[PDB]
Amino acid sequence: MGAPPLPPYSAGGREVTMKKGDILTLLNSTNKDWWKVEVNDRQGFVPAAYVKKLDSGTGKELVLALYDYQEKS
């Protein structure tokens with residue numbers, strides 16, 4: 001809890017629910033605000049500002065969520 005404000009623009013499509021401490025499979029990071037990952041067998045784009053890559057020394061490209069977020073339109 002206690003995450004920053006969302007960006008002005010938006011990717012434009014379907015997203016994926018993320019929870020604080022969840023490991024989402026990084027797919028695309030072309031954007032510095034929206035990162036496309038896969039969680040709960042679902043692919044979508046989430047705000048990187050809410051999550052944070054996890055590379056302590058494993059090699060695999062995985063990112064951990066910092067703040068809980070849920071799709072809302």
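Residues numbered from 1 in each chain as written, not as in the entry; some residues may be left out. Heavy atoms only, no water.

- Judging from the entry metadata, solution NMR is the method by which this structure was determined.

**Brief notes about the pairing of strand β5 (residues 62–65)**
No. 1: In this sheet, β5 lies alongside strand β1 (residues 23–28) in antiparallel orientation, the contact comprising 3 bridges. The residue bridging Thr25 from the neighbouring strand is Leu62, located in β5.
No. 2: Inspection of the sheet shows strand β4 (residues 51–53) paired to β5 by 3 bridges, in the antiparallel sense. Each bridged residue has a counterpart across the sheet, and for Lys52 the counterpart in β5 is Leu64. (Pairing = 2+ DSSP bridges. Helix = DSSP H or I, 4+ residues; strand = E, 2+ residues; numbered from the N terminus.)

**Quick word on unusual backbone geometry**
No. 1: With a phi angle near 55°, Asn40 is a residue other than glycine that sits in the positive phi range.
No. 2: Accessibility expressed as a relative area gives 53% for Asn40, which makes it exposed.
No. 3: The phi dihedral of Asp41 is positive, around 65°, even though this residue is not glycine.
No. 4: The topology assignment puts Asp41 in the loop between β2 (34–39) and β3 (42–47). (Buried < 20%, exposed > 50% of the residue type's maximum accessible area, 1.4 Å probe, protein only.)

**Details of the environment of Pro4**
No. 1: Tracing the sequence through the fold places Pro4 in the segment before β1.
No. 2: Given the relative accessible area of 32%, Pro4 is considered partly exposed.
No. 3: Linking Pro4 and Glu15, residues 11 residues apart in sequence, is a C-alpha distance of 18 Å.
No. 4: Residues in contact with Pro4, not counting those within four places in the same chain, are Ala49, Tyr50 and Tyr67. (Contact = heavy atoms within 4.5 Å.)

**Considerations on the side chain of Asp22**
No. 1: Within the element layout of this structure, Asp22 appears in the segment before β1.
No. 2: For the buried residue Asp22, which engages in no salt bridge, the nearest side chain bearing the opposite charge is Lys19, 4.4 Å off.
No. 3: Every residue in contact with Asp22, bar those within four places of it in the chain, is listed here: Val39, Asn40, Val63, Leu64 and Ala65. (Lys, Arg positive; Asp, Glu negative; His and termini not counted. Salt bridge = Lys/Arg side-chain N within 4 Å of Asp/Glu carboxyl O.)

**Examining the sheet that holds β5**
No. 1: Spatially, the 5 strands line up as an open sheet ordered β3-β2-β1-β5-β4, and their pairing is antiparallel. If you trace the sheet from one side to the other, it starts and ends with β3 and β4, each paired once. Averaged over all pairs of adjacent strands, the angle between their axes in this sheet comes to 40°, without regard to strand direction. (Axes fitted to C-alpha atoms, helices over the stretch in contact; angles between N-to-C directions.)

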